[PDB]
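Listing of target20.cif; format and content: mmCIF, C-alpha atoms and all ligand atoms.
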data_coords
loop_
_atom_site.label_atom_id
_atom_site.label_comp_id
_atom_site.auth_asym_id
_atom_site.auth_seq_id
_atom_site.Cartn_x
_atom_site.Cartn_y
_atom_site.Cartn_z
CA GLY H 22 3.87 18.84 -33.71
CA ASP H 23 5.86 17.27 -30.87
CA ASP H 24 6.64 20.15 -28.53
CA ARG H 25 2.87 20.56 -28.45
CA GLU H 26 2.60 17.07 -26.89
CA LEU H 27 5.53 17.87 -24.55
CA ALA H 28 3.88 21.20 -23.61
CA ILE H 29 0.63 19.34 -22.77
CA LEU H 30 2.69 16.91 -20.65
CA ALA H 31 4.54 19.74 -18.79
CA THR H 32 1.32 21.68 -18.16
CA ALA H 33 -0.33 18.51 -16.85
CA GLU H 34 2.57 17.84 -14.47
CA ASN H 35 2.72 21.55 -13.43
CA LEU H 36 -1.02 21.59 -12.65
CA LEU H 37 -0.95 18.25 -10.87
CA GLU H 38 1.19 20.00 -8.19
CA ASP H 39 -1.79 22.15 -7.04
CA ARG H 40 -4.92 20.00 -7.60
CA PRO H 41 -6.00 16.48 -8.59
CA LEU H 42 -6.91 15.33 -12.10
CA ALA H 43 -10.64 15.88 -11.38
CA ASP H 44 -10.01 19.62 -10.93
CA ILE H 45 -8.00 20.10 -14.13
CA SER H 46 -9.77 20.44 -17.48
CA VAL H 47 -8.88 19.96 -21.11
CA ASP H 48 -9.19 23.78 -21.37
CA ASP H 49 -6.77 24.02 -18.46
CA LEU H 50 -4.24 21.88 -20.39
CA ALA H 51 -4.77 23.34 -23.85
CA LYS H 52 -4.54 26.82 -22.28
CA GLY H 53 -1.24 26.03 -20.53
CA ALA H 54 0.13 24.39 -23.68
CA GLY H 55 -0.66 27.32 -25.97
CA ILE H 56 -3.21 25.40 -28.05
CA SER H 57 -6.96 25.20 -28.59
CA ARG H 58 -9.13 22.53 -27.14
CA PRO H 59 -9.71 20.57 -30.42
CA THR H 60 -5.88 20.68 -31.09
CA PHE H 61 -5.41 19.03 -27.61
CA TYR H 62 -7.78 16.34 -28.82
CA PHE H 63 -5.46 15.60 -31.64
CA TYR H 64 -2.66 14.57 -29.21
CA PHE H 65 -4.75 13.01 -26.44
CA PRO H 66 -8.26 11.50 -26.18
CA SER H 67 -8.72 12.56 -22.53
CA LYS H 68 -7.04 14.09 -19.50
CA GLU H 69 -6.65 10.50 -18.23
CA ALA H 70 -4.59 9.64 -21.31
CA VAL H 71 -2.27 12.53 -20.47
CA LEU H 72 -1.75 11.07 -16.96
CA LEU H 73 -1.14 7.55 -18.27
CA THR H 74 1.63 8.97 -20.50
CA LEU H 75 3.25 10.95 -17.64
CA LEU H 76 3.23 7.86 -15.39
CA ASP H 77 4.57 5.70 -18.25
CA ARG H 78 7.55 8.07 -18.58
CA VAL H 79 8.28 8.11 -14.79
CA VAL H 80 7.96 4.28 -14.44
CA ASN H 81 10.26 3.77 -17.44
CA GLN H 82 12.78 6.31 -16.14
CA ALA H 83 12.88 4.40 -12.80
CA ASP H 84 13.15 1.07 -14.69
CA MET H 85 16.03 2.20 -16.97
CA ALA H 86 17.89 3.67 -14.01
CA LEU H 87 17.53 0.32 -12.15
CA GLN H 88 18.84 -1.53 -15.25
CA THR H 89 21.95 0.78 -15.29
CA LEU H 90 22.85 -0.46 -11.79
CA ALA H 91 21.94 -4.02 -12.80
CA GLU H 92 24.65 -3.98 -15.48
CA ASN H 93 27.24 -2.39 -13.18
CA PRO H 94 28.95 -4.51 -10.42
CA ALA H 95 29.76 -1.58 -8.00
CA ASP H 96 32.36 -2.74 -5.37
CA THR H 97 30.60 -2.45 -1.99
CA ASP H 98 28.87 -4.26 0.87
CA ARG H 99 25.50 -5.99 0.66
CA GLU H 100 23.83 -3.10 2.50
CA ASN H 101 25.09 -0.45 0.13
CA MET H 102 23.95 -2.54 -2.84
CA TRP H 103 20.28 -2.56 -1.76
CA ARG H 104 20.38 1.07 -0.59
CA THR H 105 21.49 2.34 -4.03
CA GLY H 106 18.76 0.27 -5.66
CA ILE H 107 15.99 1.43 -3.31
CA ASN H 108 17.45 4.95 -3.92
CA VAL H 109 16.62 4.69 -7.63
CA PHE H 110 12.90 4.66 -6.69
CA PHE H 111 13.19 7.20 -3.82
CA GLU H 112 14.83 9.64 -6.29
CA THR H 113 12.77 9.00 -9.45
CA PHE H 114 9.31 8.95 -7.85
CA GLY H 115 10.39 11.56 -5.29
CA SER H 116 11.32 13.88 -8.21
CA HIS H 117 7.82 13.41 -9.61
CA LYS H 118 5.54 13.38 -6.51
CA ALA H 119 2.42 14.76 -8.22
CA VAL H 120 2.49 12.26 -11.12
CA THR H 121 3.13 9.52 -8.55
CA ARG H 122 0.25 10.61 -6.35
CA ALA H 123 -2.09 10.96 -9.39
CA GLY H 124 -0.86 7.73 -11.00
CA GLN H 125 -1.43 5.79 -7.76
CA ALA H 126 -4.96 7.12 -7.37
CA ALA H 127 -5.62 6.36 -11.08
CA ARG H 128 -5.06 2.61 -10.44
CA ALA H 129 -8.60 2.43 -9.08
CA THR H 130 -10.38 3.91 -12.09
CA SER H 131 -8.19 2.98 -15.04
CA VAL H 132 -7.33 -0.57 -16.13
CA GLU H 133 -4.52 0.83 -18.36
CA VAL H 134 -2.89 2.51 -15.34
CA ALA H 135 -3.53 -0.59 -13.23
CA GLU H 136 -1.99 -2.81 -15.94
CA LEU H 137 1.04 -0.49 -16.36
CA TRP H 138 1.82 -0.54 -12.62
CA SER H 139 1.23 -4.31 -12.42
CA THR H 140 3.66 -4.92 -15.35
CA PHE H 141 6.55 -3.00 -13.80
CA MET H 142 5.85 -4.29 -10.27
CA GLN H 143 6.14 -7.82 -11.76
CA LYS H 144 9.49 -6.94 -13.40
CA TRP H 145 10.97 -5.29 -10.29
CA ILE H 146 9.97 -8.23 -8.05
CA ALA H 147 11.44 -10.80 -10.51
CA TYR H 148 14.75 -8.91 -10.55
CA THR H 149 14.81 -8.64 -6.74
CA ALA H 150 14.14 -12.36 -6.39
CA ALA H 151 16.89 -13.06 -9.01
CA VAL H 152 19.37 -11.12 -6.87
CA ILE H 153 18.30 -12.77 -3.57
CA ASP H 154 18.71 -16.11 -5.36
CA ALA H 155 22.28 -15.16 -6.48
CA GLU H 156 23.11 -14.13 -2.90
CA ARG H 157 21.85 -17.50 -1.68
CA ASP H 158 23.86 -19.38 -4.34
CA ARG H 159 27.11 -17.69 -3.24
CA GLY H 160 26.39 -18.46 0.42
CA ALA H 161 25.85 -14.76 1.25
CA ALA H 162 22.18 -15.20 2.30
CA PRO H 163 20.44 -18.09 4.07
CA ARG H 164 17.72 -20.23 2.48
CA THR H 165 14.76 -18.96 4.47
CA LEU H 166 11.53 -17.86 2.72
CA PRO H 167 10.75 -18.50 -0.92
CA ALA H 168 12.69 -15.64 -2.58
CA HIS H 169 9.88 -14.54 -4.90
CA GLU H 170 7.43 -14.33 -1.92
CA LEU H 171 9.98 -12.39 0.15
CA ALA H 172 10.68 -10.12 -2.80
CA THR H 173 6.89 -9.51 -3.27
CA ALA H 174 6.23 -8.33 0.29
CA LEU H 175 9.38 -6.18 0.40
CA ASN H 176 8.48 -4.40 -2.85
CA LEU H 177 4.90 -3.91 -1.65
CA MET H 178 6.37 -2.40 1.55
CA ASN H 179 8.47 0.00 -0.56
CA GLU H 180 5.46 0.97 -2.67
CA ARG H 181 3.11 1.78 0.26
CA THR H 182 5.85 3.25 2.46
CA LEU H 183 7.64 5.46 -0.10
CA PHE H 184 4.31 6.77 -1.42
CA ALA H 185 2.80 7.46 2.04
CA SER H 186 5.97 9.40 2.88
CA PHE H 187 5.86 11.52 -0.32
CA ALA H 188 2.23 12.51 0.27
CA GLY H 189 2.99 13.14 3.95
CA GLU H 190 0.16 10.76 5.01
CA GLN H 191 -0.79 10.27 8.65
CA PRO H 192 0.75 7.77 9.56
CA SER H 193 3.95 7.88 7.58
CA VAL H 194 7.73 7.55 7.94
CA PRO H 195 9.33 11.04 7.49
CA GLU H 196 10.81 11.40 3.98
CA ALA H 197 14.26 12.06 5.52
CA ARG H 198 14.02 8.64 7.40
CA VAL H 199 12.38 6.40 4.79
CA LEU H 200 15.53 5.25 2.95
CA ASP H 201 17.27 4.09 6.16
CA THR H 202 14.04 2.43 7.37
CA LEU H 203 13.45 0.40 4.17
CA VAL H 204 17.11 -0.59 3.84
CA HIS H 205 17.20 -1.93 7.47
CA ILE H 206 14.13 -4.14 6.85
CA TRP H 207 15.45 -5.36 3.47
CA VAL H 208 18.93 -6.31 4.81
CA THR H 209 17.71 -7.98 8.03
CA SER H 210 14.99 -9.97 6.24
CA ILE H 211 17.22 -11.00 3.32
CA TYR H 212 20.37 -11.84 5.40
CA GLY H 213 18.87 -12.75 8.79
CA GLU H 214 18.82 -16.37 9.91
CA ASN H 215 16.52 -15.03 12.61
CA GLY Y 22 -36.19 -0.07 14.02
CA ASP Y 23 -32.76 -1.64 14.49
CA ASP Y 24 -32.91 -4.88 12.52
CA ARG Y 25 -33.78 -2.60 9.62
CA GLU Y 26 -30.34 -0.96 9.99
CA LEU Y 27 -28.71 -4.40 10.42
CA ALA Y 28 -30.59 -5.68 7.34
CA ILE Y 29 -29.28 -2.69 5.31
CA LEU Y 30 -25.77 -3.50 6.59
CA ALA Y 31 -26.04 -7.25 5.69
CA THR Y 32 -27.47 -6.49 2.23
CA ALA Y 33 -24.66 -3.99 1.63
CA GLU Y 34 -22.01 -6.55 2.62
CA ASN Y 35 -23.77 -9.33 0.60
CA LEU Y 36 -23.88 -7.13 -2.52
CA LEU Y 37 -20.33 -5.90 -2.09
CA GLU Y 38 -19.24 -9.52 -2.80
CA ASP Y 39 -20.39 -9.27 -6.47
CA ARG Y 40 -19.86 -5.61 -7.49
CA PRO Y 41 -18.35 -2.34 -6.25
CA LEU Y 42 -20.23 0.44 -4.44
CA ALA Y 43 -20.73 2.34 -7.73
CA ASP Y 44 -22.84 -0.54 -9.08
CA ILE Y 45 -25.11 -0.87 -6.04
CA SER Y 46 -28.03 1.52 -5.55
CA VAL Y 47 -30.15 2.71 -2.66
CA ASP Y 48 -32.97 0.71 -4.32
CA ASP Y 49 -30.65 -2.28 -4.34
CA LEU Y 50 -30.14 -1.91 -0.56
CA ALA Y 51 -33.69 -1.00 0.42
CA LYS Y 52 -34.90 -3.91 -1.75
CA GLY Y 53 -32.55 -6.40 -0.05
CA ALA Y 54 -33.45 -5.03 3.38
CA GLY Y 55 -37.21 -5.32 2.90
CA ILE Y 56 -37.82 -1.56 3.05
CA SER Y 57 -38.71 1.32 0.76
CA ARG Y 58 -36.23 3.82 -0.49
CA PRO Y 59 -37.33 6.76 1.76
CA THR Y 60 -37.24 4.37 4.82
CA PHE Y 61 -33.55 3.60 3.87
CA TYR Y 62 -32.99 7.34 3.98
CA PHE Y 63 -34.11 7.38 7.54
CA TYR Y 64 -31.19 5.10 8.59
CA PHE Y 65 -28.50 6.31 6.18
CA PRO Y 66 -27.90 9.50 4.15
CA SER Y 67 -26.10 7.66 1.32
CA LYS Y 68 -24.69 4.33 0.17
CA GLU Y 69 -21.28 5.72 1.22
CA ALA Y 70 -22.53 6.11 4.78
CA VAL Y 71 -23.50 2.44 4.76
CA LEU Y 72 -19.92 1.52 3.76
CA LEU Y 73 -18.36 3.78 6.40
CA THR Y 74 -20.44 1.96 9.04
CA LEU Y 75 -19.47 -1.53 7.75
CA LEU Y 76 -15.77 -0.58 7.75
CA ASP Y 77 -16.11 1.00 11.22
CA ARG Y 78 -17.45 -2.32 12.55
CA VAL Y 79 -14.65 -4.41 10.91
CA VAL Y 80 -11.85 -2.02 12.07
CA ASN Y 81 -13.25 -2.03 15.62
CA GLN Y 82 -13.62 -5.83 15.62
CA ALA Y 83 -9.92 -6.11 14.60
CA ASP Y 84 -8.96 -3.50 17.24
CA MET Y 85 -10.87 -5.20 20.12
CA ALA Y 86 -9.43 -8.58 19.16
CA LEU Y 87 -5.89 -7.08 19.24
CA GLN Y 88 -6.63 -5.57 22.70
CA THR Y 89 -7.69 -9.07 23.98
CA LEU Y 90 -4.20 -10.37 23.15
CA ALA Y 91 -2.66 -7.18 24.55
CA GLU Y 92 -4.13 -7.94 27.98
CA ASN Y 93 -3.13 -11.62 27.87
CA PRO Y 94 0.57 -12.64 28.41
CA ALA Y 95 0.45 -15.96 26.40
CA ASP Y 96 3.55 -18.12 27.24
CA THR Y 97 5.46 -18.50 23.96
CA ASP Y 98 8.44 -17.42 21.86
CA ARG Y 99 8.89 -13.98 20.30
CA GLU Y 100 7.96 -15.37 16.87
CA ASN Y 101 4.67 -16.84 18.00
CA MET Y 102 3.78 -13.57 19.73
CA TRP Y 103 3.94 -11.50 16.52
CA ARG Y 104 2.33 -14.26 14.43
CA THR Y 105 -0.80 -14.35 16.64
CA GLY Y 106 -1.02 -10.57 16.47
CA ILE Y 107 -0.61 -10.36 12.69
CA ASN Y 108 -3.19 -13.24 12.61
CA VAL Y 109 -5.80 -10.98 14.22
CA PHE Y 110 -5.74 -8.82 11.05
CA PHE Y 111 -5.37 -11.74 8.59
CA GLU Y 112 -8.51 -13.31 10.14
CA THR Y 113 -10.69 -10.21 10.72
CA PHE Y 114 -10.10 -8.50 7.37
CA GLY Y 115 -9.86 -11.87 5.61
CA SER Y 116 -13.36 -12.69 6.97
CA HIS Y 117 -14.64 -9.45 5.46
CA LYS Y 118 -12.79 -9.16 2.09
CA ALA Y 119 -15.49 -7.17 0.26
CA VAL Y 120 -15.84 -4.50 2.99
CA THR Y 121 -12.04 -4.35 3.12
CA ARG Y 122 -11.70 -3.96 -0.63
CA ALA Y 123 -14.50 -1.32 -0.72
CA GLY Y 124 -13.25 0.46 2.40
CA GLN Y 125 -9.72 0.69 0.97
CA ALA Y 126 -10.94 2.12 -2.32
CA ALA Y 127 -13.19 4.56 -0.38
CA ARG Y 128 -10.08 6.18 1.21
CA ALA Y 129 -9.60 8.14 -2.01
CA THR Y 130 -13.05 9.70 -2.19
CA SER Y 131 -14.15 10.00 1.43
CA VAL Y 132 -12.37 12.01 4.13
CA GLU Y 133 -14.43 10.17 6.81
CA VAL Y 134 -13.14 6.80 5.57
CA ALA Y 135 -9.63 8.24 5.21
CA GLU Y 136 -9.80 9.66 8.76
CA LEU Y 137 -11.15 6.37 10.19
CA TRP Y 138 -8.33 4.32 8.66
CA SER Y 139 -5.71 6.92 9.68
CA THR Y 140 -6.98 6.85 13.33
CA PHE Y 141 -6.69 3.08 13.72
CA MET Y 142 -3.41 2.87 11.76
CA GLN Y 143 -2.03 5.43 14.27
CA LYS Y 144 -3.22 3.29 17.22
CA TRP Y 145 -1.87 0.01 15.83
CA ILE Y 146 1.56 1.53 15.08
CA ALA Y 147 1.80 3.11 18.57
CA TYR Y 148 1.04 -0.27 20.18
CA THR Y 149 3.60 -2.05 17.95
CA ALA Y 150 6.26 0.51 18.81
CA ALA Y 151 5.34 0.15 22.55
CA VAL Y 152 5.97 -3.59 22.30
CA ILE Y 153 9.26 -3.24 20.36
CA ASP Y 154 10.32 -0.76 23.05
CA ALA Y 155 9.49 -3.29 25.84
CA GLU Y 156 11.48 -5.96 23.98
CA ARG Y 157 14.43 -3.58 23.78
CA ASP Y 158 14.15 -2.70 27.50
CA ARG Y 159 14.34 -6.39 28.49
CA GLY Y 160 17.35 -6.95 26.23
CA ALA Y 161 15.33 -9.16 23.84
CA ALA Y 162 15.76 -6.84 20.82
CA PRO Y 163 18.69 -4.64 19.77
CA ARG Y 164 18.54 -0.84 19.61
CA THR Y 165 18.60 -0.42 15.85
CA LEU Y 166 16.05 1.84 14.08
CA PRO Y 167 13.75 4.26 15.86
CA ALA Y 168 10.96 1.90 16.98
CA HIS Y 169 8.08 4.11 15.84
CA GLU Y 170 9.64 4.41 12.32
CA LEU Y 171 10.23 0.65 12.17
CA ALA Y 172 6.70 0.02 13.39
CA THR Y 173 5.31 2.42 10.70
CA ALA Y 174 6.93 0.68 7.74
CA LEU Y 175 6.08 -2.80 9.02
CA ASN Y 176 2.40 -1.92 9.48
CA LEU Y 177 2.32 -0.28 6.05
CA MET Y 178 3.82 -3.52 4.66
CA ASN Y 179 1.05 -5.53 6.36
CA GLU Y 180 -1.64 -3.20 5.00
CA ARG Y 181 -0.50 -3.30 1.34
CA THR Y 182 0.54 -6.96 1.43
CA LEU Y 183 -2.48 -8.46 3.24
CA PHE Y 184 -4.88 -6.43 1.08
CA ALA Y 185 -3.14 -7.26 -2.25
CA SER Y 186 -3.32 -10.94 -1.27
CA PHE Y 187 -7.06 -10.82 -0.41
CA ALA Y 188 -7.93 -9.20 -3.74
CA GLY Y 189 -5.61 -11.62 -5.55
CA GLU Y 190 -3.71 -8.69 -7.17
CA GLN Y 191 -0.95 -9.26 -9.71
CA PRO Y 192 1.66 -9.17 -8.09
CA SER Y 193 0.72 -10.60 -4.73
CA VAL Y 194 1.85 -13.11 -2.11
CA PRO Y 195 -0.58 -16.13 -2.16
CA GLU Y 196 -3.07 -15.90 0.74
CA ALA Y 197 -1.84 -19.28 2.06
CA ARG Y 198 1.79 -17.83 2.23
CA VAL Y 199 1.17 -14.27 3.47
CA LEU Y 200 1.19 -14.96 7.23
CA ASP Y 201 4.56 -16.77 7.14
CA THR Y 202 5.99 -14.07 4.84
CA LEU Y 203 4.99 -11.12 7.07
CA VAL Y 204 6.06 -12.87 10.27
CA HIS Y 205 9.57 -13.62 8.84
CA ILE Y 206 10.11 -9.94 7.92
CA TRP Y 207 8.75 -8.70 11.28
CA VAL Y 208 10.94 -11.04 13.39
CA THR Y 209 14.18 -10.54 11.40
CA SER Y 210 13.78 -6.75 11.29
CA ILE Y 211 12.79 -6.43 14.96
CA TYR Y 212 15.37 -8.92 16.38
CA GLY Y 213 18.16 -8.76 13.77
CA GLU Y 214 21.41 -7.00 14.60
CA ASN Y 215 22.03 -7.36 10.88
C1 LIG H 301 20.50 -4.98 -5.95
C2 LIG H 301 19.81 -4.14 -7.01
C3 LIG H 301 20.49 -2.77 -7.13
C4 LIG H 301 19.94 -4.86 -8.34
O1 LIG H 301 18.34 -4.05 -6.74
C5 LIG H 301 17.79 -3.38 -5.68
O2 LIG H 301 18.50 -2.87 -4.81
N1 LIG H 301 16.45 -3.28 -5.59
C6 LIG H 301 15.58 -3.93 -6.61
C7 LIG H 301 14.24 -3.24 -6.80
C8 LIG H 301 13.66 -2.69 -5.47
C9 LIG H 301 12.35 -2.00 -5.83
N2 LIG H 301 11.69 -1.07 -5.15
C10 LIG H 301 10.56 -0.81 -5.87
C11 LIG H 301 9.56 0.11 -5.59
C12 LIG H 301 9.58 1.17 -4.79
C13 LIG H 301 8.43 1.87 -4.77
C14 LIG H 301 7.43 1.40 -5.53
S1 LIG H 301 8.05 0.03 -6.32
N3 LIG H 301 10.52 -1.56 -6.94
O3 LIG H 301 11.66 -2.35 -6.95
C15 LIG H 301 14.66 -1.77 -4.76
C16 LIG H 301 15.92 -2.57 -4.39
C1 LIG H 302 2.64 -8.46 20.05
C2 LIG H 302 1.20 -8.07 19.81
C3 LIG H 302 0.30 -9.30 19.79
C4 LIG H 302 0.76 -7.16 20.95
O1 LIG H 302 1.07 -7.23 18.57
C5 LIG H 302 1.28 -7.70 17.30
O2 LIG H 302 1.68 -8.85 17.11
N1 LIG H 302 1.05 -6.89 16.25
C6 LIG H 302 0.62 -5.47 16.48
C7 LIG H 302 -0.22 -4.91 15.34
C8 LIG H 302 0.26 -5.39 13.95
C9 LIG H 302 -0.69 -4.77 12.93
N2 LIG H 302 -0.95 -5.16 11.69
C10 LIG H 302 -1.83 -4.26 11.19
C11 LIG H 302 -2.43 -4.25 9.94
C12 LIG H 302 -2.58 -5.24 9.06
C13 LIG H 302 -3.24 -4.89 7.93
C14 LIG H 302 -3.63 -3.61 7.85
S1 LIG H 302 -3.15 -2.87 9.31
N3 LIG H 302 -2.10 -3.34 12.07
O3 LIG H 302 -1.37 -3.63 13.22
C15 LIG H 302 0.30 -6.92 13.88
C16 LIG H 302 1.33 -7.45 14.90
#

Can you give me the file's structure in the form of structure tokens?
Amino acid sequence: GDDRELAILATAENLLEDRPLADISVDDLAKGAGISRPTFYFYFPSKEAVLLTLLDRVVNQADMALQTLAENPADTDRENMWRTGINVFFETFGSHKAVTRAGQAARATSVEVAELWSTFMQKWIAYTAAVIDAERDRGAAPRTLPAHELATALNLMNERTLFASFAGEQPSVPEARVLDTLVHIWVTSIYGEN
Amino acid sequence: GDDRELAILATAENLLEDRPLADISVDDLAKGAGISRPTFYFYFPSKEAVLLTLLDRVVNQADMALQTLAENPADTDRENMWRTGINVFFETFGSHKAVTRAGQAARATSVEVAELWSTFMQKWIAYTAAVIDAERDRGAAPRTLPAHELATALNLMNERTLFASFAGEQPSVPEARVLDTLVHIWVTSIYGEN
């Protein structure tokens, strides 16, 4: 009943390693999962619904992980604080590169995928702006740009930059350099007077 | 002979305002251009080839404009220097939002579009890193991150952020705030010790 769904999901992720969604069929997924094609159709209406679910799981896993840090006041400098937070996304999405690649491409063809991404991007930006605001309150960061606007561009940077790196796009920041790169830009733009 | 091509190009850009490429037909474009369908096929092999050409023109227009500034040593502060350069892209792409939207989406389905974008992104990053290097040489900017890595992430920020704004994505930085936002992050990350 339920392993069947989980077997579909694993097969989908497995097969996403080697080819896009357009090159994987319901037969491909039923076959991998040890089920017939109409039995697939009991768990999912389409291969696109399988992707949506994979992406949902990865996005939520990154969100929950971020909330774990949000509840814990880890004794450290400002720089370490942002690094560990950026690291949540580096590690989560980086541990699921195929789903991330596929999920990003699916934004353009699927309003459910587009909505999903939009929802969590809104949450992550709001939390970032909440933290920049706290920093400003305590006199740790200067009152420069509107915090929500600053938080938007920085999170958009992280999206584009982390994902370009994972896919090895030309141009991209090498995966082994991306964390350091993003953290530099975050700290100097949040804390910098100029 | 040649206005016919230019009429196809104008009709394509006109029609891109109201719907995507998938909702515009060769008949749509021949019709707008005052030509028959087989006469279209003399100038372009596909609607996708019409897009590629539109994008090529917009990318080159932004590149030439950037090179005009690159040759001129405009007397001003560091902040103004980057602002006018970022402005080249804000203005060019912002004056051609439909082609930009369509051209960005076409990256995913067209290796010629993907290659085109990749080529110019490589050029623009190289020039940015060349300027950061000059700044460092003259003692204007500190030797923090590798310049080419810094330049990559900043240009990726500009890509994602400017384009999200133009399309009015949720989340996005309002178009009237995006220039100020990007310039802040560029100046603090290039010039900031921390
Ligand atoms: C200070 C704490 C740990 C609370 O927050 C952070 O350090 N953050 C908040 C969220 C930031 C974030 N990055 C991202 C994305 C990366 C890639 C695509 S979205 N989404 O949110 C990373 C830094
Ligand atoms: C200092 C000079 C004027 C030489 O350069 C700049 O100010 N630049 C270099 C190029 C930078 C750039 N932005 C972009 C993109 C914006 C949107 C998509 S690419 N490409 O290159 C903008 C700032």

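Here is the contact set of chain H against chain Y, at 6 Å and counting all atoms listed in the file: residues 143, 170, 174, 178, 182, 192, 194, 206, 209, 210, 213 and 215 of chain H.
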
Please provide as number ranges by chain all residues within 10 Å of stretch 107-117 of chain H, with the sequence filter that same-chain residues fewer than 4 positions apart are discarded (counting all atoms listed in the file). H: 34, 38, 75-76, 79-87, 90, 101-103, 121-122, 176, 179-180, 183-184, 186-188, 196, 199-201, 203-204, 207

Selected residues written out, C-alpha atoms, as a PDB file, in the frame of the given file:
ATOM      1  CA  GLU H  34       2.570  17.840 -14.470  1.00  0.00           C
ATOM      2  CA  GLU H  38       1.190  20.000  -8.190  1.00  0.00           C
ATOM      3  CA  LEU H  75       3.250  10.950 -17.640  1.00  0.00           C
ATOM      4  CA  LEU H  76       3.230   7.860 -15.390  1.00  0.00           C
ATOM      5  CA  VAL H  79       8.280   8.110 -14.790  1.00  0.00           C
ATOM      6  CA  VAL H  80       7.960   4.280 -14.440  1.00  0.00           C
ATOM      7  CA  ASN H  81      10.260   3.770 -17.440  1.00  0.00           C
ATOM      8  CA  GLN H  82      12.780   6.310 -16.140  1.00  0.00           C
ATOM      9  CA  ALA H  83      12.880   4.400 -12.800  1.00  0.00           C
ATOM     10  CA  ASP H  84      13.150   1.070 -14.690  1.00  0.00           C
ATOM     11  CA  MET H  85      16.030   2.200 -16.970  1.00  0.00           C
ATOM     12  CA  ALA H  86      17.890   3.670 -14.010  1.00  0.00           C
ATOM     13  CA  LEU H  87      17.530   0.320 -12.150  1.00  0.00           C
ATOM     14  CA  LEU H  90      22.850  -0.460 -11.790  1.00  0.00           C
ATOM     15  CA  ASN H 101      25.090  -0.450   0.130  1.00  0.00           C
ATOM     16  CA  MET H 102      23.950  -2.540  -2.840  1.00  0.00           C
ATOM     17  CA  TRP H 103      20.280  -2.560  -1.760  1.00  0.00           C
ATOM     18  CA  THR H 121       3.130   9.520  -8.550  1.00  0.00           C
ATOM     19  CA  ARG H 122       0.250  10.610  -6.350  1.00  0.00           C
ATOM     20  CA  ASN H 176       8.480  -4.400  -2.850  1.00  0.00           C
ATOM     21  CA  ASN H 179       8.470   0.000  -0.560  1.00  0.00           C
ATOM     22  CA  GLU H 180       5.460   0.970  -2.670  1.00  0.00           C
ATOM     23  CA  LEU H 183       7.640   5.460  -0.100  1.00  0.00           C
ATOM     24  CA  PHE H 184       4.310   6.770  -1.420  1.00  0.00           C
ATOM     25  CA  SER H 186       5.970   9.400   2.880  1.00  0.00           C
ATOM     26  CA  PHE H 187       5.860  11.520  -0.320  1.00  0.00           C
ATOM     27  CA  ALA H 188       2.230  12.510   0.270  1.00  0.00           C
ATOM     28  CA  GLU H 196      10.810  11.400   3.980  1.00  0.00           C
ATOM     29  CA  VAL H 199      12.380   6.400   4.790  1.00  0.00           C
ATOM     30  CA  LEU H 200      15.530   5.250   2.950  1.00  0.00           C
ATOM     31  CA  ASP H 201      17.270   4.090   6.160  1.00  0.00           C
ATOM     32  CA  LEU H 203      13.450   0.400   4.170  1.00  0.00           C
ATOM     33  CA  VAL H 204      17.110  -0.590   3.840  1.00  0.00           C
ATOM     34  CA  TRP H 207      15.450  -5.360   3.470  1.00  0.00           C
TER      35      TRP H 207
END

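Between atom CA of residue H:22 and atom CA of residue H:42 the interatomic distance comes to 24.4 Å.
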
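Between ligand LIG 301 (chain H) and the candidates H:99, H:68, H:58, H:25, the tightest atom-to-atom separation, counting all atoms listed in the file, involves H:99.
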
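Computed from the coordinates, the atom CA of residue Y:137 to atom CA of residue Y:33 distance equals 19.1 Å.
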
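Taking all atoms listed in the file into account, ligand LIG 301 (chain H) lies nearest to H:91 out of the set H:91, H:162, H:123, H:151.
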
Expressed in Å, the length from atom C4 of ligand LIG 301 (chain H) to atom CA of residue H:147 is 10.6 Å

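For the choices Y:74, Y:35, Y:105, Y:60, the atom-to-atom distance to ligand LIG 302 (chain H) is smallest for Y:105 when using all atoms listed in the file.
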
For a quick check of your reading of the model, name the residues lying within 12 Å of the coordinate (-4.5, 10.7, -20.4), counting all atoms listed in the file, and write them as number ranges by chain. H: 26, 29-30, 33-34, 42, 45-47, 50, 61-62, 64-77, 120, 123-124, 127, 131, 133-134

Selection from above, C-alpha atoms, as a short mmCIF file (atom, residue, chain, number, x, y, z; two decimals), keeping the file's coordinate frame, can you write it?
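Okay, part.cif is ready:
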data_model
loop_
_atom_site.label_atom_id
_atom_site.label_comp_id
_atom_site.auth_asym_id
_atom_site.auth_seq_id
_atom_site.Cartn_x
_atom_site.Cartn_y
_atom_site.Cartn_z
CA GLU H 26 2.60 17.07 -26.89
CA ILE H 29 0.63 19.34 -22.77
CA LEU H 30 2.69 16.91 -20.65
CA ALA H 33 -0.33 18.51 -16.85
CA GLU H 34 2.57 17.84 -14.47
CA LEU H 42 -6.91 15.33 -12.10
CA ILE H 45 -8.00 20.10 -14.13
CA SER H 46 -9.77 20.44 -17.48
CA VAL H 47 -8.88 19.96 -21.11
CA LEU H 50 -4.24 21.88 -20.39
CA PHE H 61 -5.41 19.03 -27.61
CA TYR H 62 -7.78 16.34 -28.82
CA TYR H 64 -2.66 14.57 -29.21
CA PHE H 65 -4.75 13.01 -26.44
CA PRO H 66 -8.26 11.50 -26.18
CA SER H 67 -8.72 12.56 -22.53
CA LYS H 68 -7.04 14.09 -19.50
CA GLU H 69 -6.65 10.50 -18.23
CA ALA H 70 -4.59 9.64 -21.31
CA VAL H 71 -2.27 12.53 -20.47
CA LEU H 72 -1.75 11.07 -16.96
CA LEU H 73 -1.14 7.55 -18.27
CA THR H 74 1.63 8.97 -20.50
CA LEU H 75 3.25 10.95 -17.64
CA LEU H 76 3.23 7.86 -15.39
CA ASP H 77 4.57 5.70 -18.25
CA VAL H 120 2.49 12.26 -11.12
CA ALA H 123 -2.09 10.96 -9.39
CA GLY H 124 -0.86 7.73 -11.00
CA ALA H 127 -5.62 6.36 -11.08
CA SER H 131 -8.19 2.98 -15.04
CA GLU H 133 -4.52 0.83 -18.36
CA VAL H 134 -2.89 2.51 -15.34
#
